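Chain lettering (A, B, C, D, E, F, G and H) follows the sequence in which the chains are written, and residue indices restart at 1 in each chain.
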Amino acid sequence: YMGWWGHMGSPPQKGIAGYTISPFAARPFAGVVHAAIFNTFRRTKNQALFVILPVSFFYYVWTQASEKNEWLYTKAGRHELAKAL
Amino acid sequence: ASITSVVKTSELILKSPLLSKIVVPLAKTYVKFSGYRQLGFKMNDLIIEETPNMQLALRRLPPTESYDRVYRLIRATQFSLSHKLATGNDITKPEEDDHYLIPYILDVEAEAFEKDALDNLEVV
Amino acid sequence: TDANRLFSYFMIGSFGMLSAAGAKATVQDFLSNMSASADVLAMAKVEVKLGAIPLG
Amino acid sequence: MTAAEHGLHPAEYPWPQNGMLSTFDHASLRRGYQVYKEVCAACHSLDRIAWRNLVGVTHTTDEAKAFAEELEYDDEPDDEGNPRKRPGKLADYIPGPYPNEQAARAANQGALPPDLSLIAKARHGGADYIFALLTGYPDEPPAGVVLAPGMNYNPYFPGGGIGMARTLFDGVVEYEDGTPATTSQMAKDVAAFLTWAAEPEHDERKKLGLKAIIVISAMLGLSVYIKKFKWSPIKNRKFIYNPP
Amino acid sequence: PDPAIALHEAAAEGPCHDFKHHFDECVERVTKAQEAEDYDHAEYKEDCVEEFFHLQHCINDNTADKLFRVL
Amino acid sequence: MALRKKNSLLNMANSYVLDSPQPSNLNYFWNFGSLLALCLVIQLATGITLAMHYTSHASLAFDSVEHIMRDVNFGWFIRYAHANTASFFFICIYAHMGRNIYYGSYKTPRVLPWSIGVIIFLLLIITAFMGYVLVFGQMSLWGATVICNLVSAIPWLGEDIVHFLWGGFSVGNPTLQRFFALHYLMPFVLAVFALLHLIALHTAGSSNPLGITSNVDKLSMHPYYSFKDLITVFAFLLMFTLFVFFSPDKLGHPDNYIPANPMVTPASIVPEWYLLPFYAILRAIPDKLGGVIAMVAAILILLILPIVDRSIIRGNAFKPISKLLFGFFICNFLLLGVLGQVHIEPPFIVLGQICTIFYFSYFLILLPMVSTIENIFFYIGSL
Amino acid sequence: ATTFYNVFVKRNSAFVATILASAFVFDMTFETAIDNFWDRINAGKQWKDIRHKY
Amino acid sequence: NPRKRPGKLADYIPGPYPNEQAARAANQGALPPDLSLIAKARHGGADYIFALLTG
């Protein structure tokens, strides 16, 4: 499924020309300011929901559970604790 | 899963008017959110290929289609490592997202599944 | 230009320099665990009075 | 659990040693040793600290040897194989008030005063817990608390009833440096001292961490330049495809 | 004379006055309840620990930094 | 022919660390593998050093650890480095497993590296559990007592097995000496399995974040991933430094600085943070045997991901529903962790049960359903 | 600047020698610099600051 | 306060002397070795012990 250099197991390639420049000829940090701001904003905005939804839900769950637990072990919560056990 | 399974189930859905009415719009949105077109892939480029069946289907691709697939994979890999998306002509338009591989893999699998059936035949 | 290459080797060399300074520090500090510990260094160097000791 | 069962959580006090770049105040450490010696040592041991550990922290070598030489420790037997005592040396450990646990408990209405060498690390809260506990005995236990006999009410101690009575009162110690020995001052000093006892490397550890932070930060910055430099051919790569 | 004594008193009369009142009210109730007969043969004996903790926790939050500043 | 290729020994190093062909687009989550290698090296270096100063006898163990802290030059560092790196090892291992689940690294053709990895994960848990006992503080003792009494639930032979592991009728000196020997050994076994899962991976090579073949576009492991790995090494060492030098006890439990006392039971026996999710799973089942089976099943169930993931596409980069499901799975795994350290009280008892059902239902119900539906949506949606 | 490159960088033996000599100097000077800095930010706190009383 | 108890089967057979110094003082400076391993700790074993005691 993977070969080695010389016979890596790619379908035959033809018609792609690849170009690059030397690391010594390039600015390694070209457009870094633009990328750090605009590119990171784009990539974060695109993935935000997949983090925010589960985190916000499980934080809310925990918050409700920890607040109930705290309340059950107060004087006010004596009766509700007695029923819960 | 087998591509055969996926294709058969999809056909059941597309037949039922009710089902298609509710599923086809969902599936179109899903594909828009999936975002593989923004890397210039066609859907079929994403199918797992490290399987004997899929290796055989890829070998059956017409040379042109095969060379184009290699370009799309290399292009997408470069966008991935650059953390850039496709722009302009590199973005796969909905009309260009053709199932170029599905016919080949369905034939490979049809034979493989026939072979399994026939290996279990009982003379009556 | 030579200036151009030299700059990038200054970065590589700085990184080699801090890695060498850091490795020396790491090795020397870490292996010093194997030198006599504080209790041993105090079990040695025993001190004795001489006022108690009579002639002969 | 009820908050009583947990114990009140101690306030966060601004200790001199809090702060990535801050050492202990060694004048406070010395004052704290004097509190330990005159108050706590009556009931609590400090078994993991040797006289040599005070040297160049709180005391000069001469002062520490003087402290050791005032005590008697078990020597190797004499020539007839009879047991013998010797004066203490710097390598000796600070001796406990009790020979064993049973003696300790008998003197303390059943409760066993723990060794204080690690107490600052062995309780949630650290110095803050020690400070809070020693200063946190109310004049009157909250109405309705039933203390067991020989227990004292202290909210910071889990359960509320601690076998250790309030011990710090204004002027139980006379500090040698003229600092007013108020309850709070003595608790602050002794809590600093015990924190040092639990973590005596603290000062050295944080200085080496400053060096480590600086070097590792620089190497992180450089490693990112080098990575970007070596990867730029791959990031910058461009393709031209001509379908065959 | 112990700096903490005055700082705690000031914090009780000032920023933690609401908590001081709660603890006070509680103690009044509990003492009165203990005064009444057949208290020893009651099911639930009320304490004032909760209110005490709320007060102490408040006082400590308003005092911690001030106290260490005068040592 | 170049020596690195000609010579058999050099060629093996070459094939793994230098000419190894990697995908060109691995992102930073592919760096946890090398961080786990770094953790394993730091644990061997610090561990072997602690063993030169540690005494395995129960009358002296705790004292030997105090000797390390107080008397040995840099002993504080070696001890805290070893203790904290055990936490970092689990952060990196959870990250590495998370990366593998999100990007479908467990699918064909990489079932074998994944399956060996699940065993590495079990060995790491055993290794870190035994190491925790060696201090012989209160958490050491009470940890060994409760954890080894779970084995008592094995029917018929359970009690006998416990006594056999302890070497006695309670946790004591025999237990401590044998855990020392095994804790020394287990990291070497773990290193061998780590090497086996790499050899297994070598047949397919690394997966990549797009989940497509990389056979078309490969990059040598050196210099590209060598230099990429240095960035995370230095990032890791910055985190390491903050804990080891500035807050060495933040991740730990103070109860382990009290010497073990078989009489006094600590307020709360909670494991090290990284074991907490499995502890929550165990508490969720009321039955003793049920609980133990569930706890082991929570790890072994990872072995069925290759079966239950029915997707025709490898990984979640392109699967919005799978990404949401995975987000919920990961957050639930953290909530289980938190529920492992609360007291067994309402309302956390019921909550723990719900989270435990969610944990298992991901593998057994949701992932098979969601992956089947997404298959159909990709096909219909691209027609 | 060509001269600098030619002398210290061109030959790897020279470059590694330069790196190690630099490492030696950095190590020694950084030690001294941190020592002084640490003493200033922790002034009157350390044993060396109170030792004079004894 | 310290206490004594009667011996049990798990107790070790007690020695005649509390320490080496007591042992040597009673034996004109010589220290009688422990005999638990003496048969393995001398070339000859039983034969050496037999020969010595009778020789």
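Definition applied: a contact is a pair of C-beta atoms (placed from the backbone, for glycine too) under 8 Å apart; a residue touches a chain by one contact, two chains touch by 3 or more.
Asks: Just how many steps, at minimum, does a route from chain F to chain H need if it may pass only between touching chains?
Replies: 2
Asks: In terms of C-beta pairs in contact, which of A-F and A-E ranks higher?
Replies: Of A-F and A-E, it is A-F that has more C-beta pairs in contact.
Asks: When you take the mean of every protein CA atom shown, which chain's own CA mean is nearest to it?
Replies: F
Asks: Quick check: how many Å separate the C-alpha centres of chain B and chain H?
Replies: 87
Asks: Chain F to chain G: how many Å between their CA centres?
Replies: One centre to the other, that is 39 Å.
Asks: I'd like to verify one number: the distance from the centre of chain E to the centre of chain F, where each centre is the average of its C-alpha atoms, in whole angstrom.
Replies: Roughly 47 Å separates the two chain centres.
Asks: Between chain E and chain H, tell me the centre distance in angstrom, where each centre is the average of that chain's C-alpha atoms.
Replies: 69
Asks: Check each residue of chain A and list the ones that touch at least two other chains.
Replies: Correct list: 1, 10-11, 13-16, 23, 73.
Asks: Going by the touch rule set out above, which residues of chain C reach two or more other chains?
Replies: 5, 8, 18, 21, 25, 29, 38-39
Asks: Can you list every residue of chain D that touches 2 or more other chains, as numbers and ranges?
Replies: Counting only residues that touch two or more other chains, chain D contributes 1-3, 208, 211, 215-216, 219, 223, 225-226, 229-230, 234, 237, 239, 241, 243-244.
Asks: When you check every pair of chains, which ones turn out to touch?
Replies: Contacting pairs: A-B, A-C, A-D, A-E, A-F, B-D, B-F, C-D, C-F, C-G, D-E, D-F, D-G, D-H.
Asks: Using the touch definition from the top, list the residues of chain G that touch chain C in their complex.
Replies: Interface residues on the chain G side: 1-2, 4-6, 9, 15-16, 18-20, 22-23, 26-27, 30.
Asks: Quick check on the complex: what are the chain F residues that touch chain B?
Replies: Touching chain B: residues 23-25, 27, 107-109, 204, 208-214, 216-217, 310-314, 318-321, 371-372, 374-383 of chain F.
Asks: Name, in rising order, each residue of chain D that touches chain F in their complex.
Replies: Chain D residues touching chain F: 1, 20, 48, 53, 114, 117-118, 121-124, 158, 198-201, 205-206, 208-209, 212-213, 216-217, 219-220, 223-224, 226-227, 230-231, 234.
Asks: Any idea which chain C residues touch chain D in the complex?
Replies: Touching chain D from chain C are residues 8, 11-12, 14-15, 18-19, 21-22, 25, 29, 38-39, 42-43, 47.
Asks: Which bits of chain C are touching chain A when the two form their complex?
Replies: For chain C paired with chain A, touching residues are 4-5, 8.
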